Structures are given as C-alpha cells and as structure tokens.
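Here the Cβ positions follow ideal geometry from the backbone for every residue, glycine too, while neighbour counts run over all protein chains shown. What follows is calculated from the coordinates using simple rules that are stated; it is not laboratory data.
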Amino acid sequence: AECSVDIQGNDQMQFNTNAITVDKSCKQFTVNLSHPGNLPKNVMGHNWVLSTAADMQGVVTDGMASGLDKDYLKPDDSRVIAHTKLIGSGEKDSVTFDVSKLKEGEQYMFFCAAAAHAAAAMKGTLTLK
Ligand SMILES: [Cu+2]
C-alpha cells in the first residue's frame with residue numbers, strides 16, 4: 001500500500017501532479033506539500049485542499065473572500081475534508097486524513113485555494129483505488 005504522496009507547488013503557479021491515487025487498503029493518507037522556487041507566501045503561497053468535486057467552486061470562492069491572513073480558506077469550512085496551511089518557497093507542510101472520509105461513487109478534487117490559483121489549474125483529482 002502506497003499511503004502518501006509528495007506534491008510540489010512552484011513559482012509558476014503549478015502543481016507537479018494532476019491526479020492523486022489513494023490505495024483503499026490505507027487507513028490514513030498523507031500529503032507532503034513543498035514549494036520549490038524563490039517567491040514568498042504573500043506573492044505565490046500554495047496550499048493543498050481536499051473537497052468533493054461539487055464543493056470545490058464554493059470552497060475557492062469563500063476562501064478568496066476570507067483572504068490571505070486566513071490562508072485563503074473560510075475558517076472551519078465543512079466542505080474541506082483535509083487541508084495544509086499556506087506555504088511559501090522553502091517551506092513545507094503535511095496533512096494526514098482518514099480514508100473513511102472518502103465515499104464510494106463520489107468524486108473528489110484537490111486544489112490550491114490561494115487567490116486565482118485554482119482557476120489557473122492548480123487542481124487535480126483524488127481517487128480511491
Ligand atoms: Cu497556490
């Protein structure tokens with residue numbers, strides 16, 4: 001069972017993956033986010049956020065309004081299954097979540113909630129396999 005993934009968000013507003021697989025034998029799954037490049041948090045800060053496909057737009061919109069000092073997420077947002085903090089270059093963060101939080105049939109999306117980043121396609125799918 002492969003129960004973690006290392007993902008990078010760079011100074012050019014991209015993740016180095018578009019698709020995450022979660023082994024369904026995993027009890028927990030861990031995302032390790034890092035930020036190659038030179039740009040600080042306030043310029044090109046990234047996070048990793050998990051929601052259902054349907055909820056992503058809302059999470060992003062409300063997170064935009066919540067703003068930078070809230071790490072671009074509505075605090076305690078019920079739609080956020082898991083999330084890292086916002087990180088700048090040189091910084092890192094991990095998040096671990098229960099795999100039981102994912103449903104059969106459902107469609108899940110990961111993304112950066114930082115202003116404009118998801119629109120520029122800092123997103124992809126997350127799928128139970
Ligand atoms: Cu970002």
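Before moving on, here are some points about what is shown:
- Each residue in the stretch 95-129 was checked for being within 16 Å of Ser4 (Cα to Cα), in contact with a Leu (Cβ under 7 Å, 6 or more places away or on another chain) and not hydrophobic (A, V, I, L, M, F, W, C), and 0 of them qualify.
- Tally, over the stretch 19-63, of residues that are in a loop (DSSP other than H, G, I, E, B) and without any contact (Cβ under 8 Å) to a residue 40 or more places away in the chain: 1
- Test: residue in the stretch 85-94 that is polar (S, T, N, Q) and more than 14 Å from the ligand (Cβ to nearest atom): yes
- Options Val5, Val31, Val43, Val49; residue that is within 17 Å of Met109 (Cβ to Cβ) and within 11 Å of the ligand (Cβ to nearest atom): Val49
- The stretch 92-118 residues that are without any contact (Cβ under 8 Å) to a residue 60 or more places away in the chain, paired with ones that are more than 13 Å from the ligand (Cβ to nearest atom) and in a loop (DSSP other than H, G, I, E, B) (beta carbon under 7 Å, 6 or more apart): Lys101/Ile81; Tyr108/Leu102
- Every residue from the stretch 96-129 that is under 12 Å from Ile20 (Cβ atoms) and within 16 Å of the ligand (Cβ to nearest atom): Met109, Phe110, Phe111, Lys123, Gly124
- In the condition set (1) of a type in the set (A, V, I, L, M); (2) in contact with a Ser or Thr (Cβ under 9 Å, 6 or more places away or on another chain); (3) closer than 18 Å to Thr127 by Cβ, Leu50 is compliant with all but (2).
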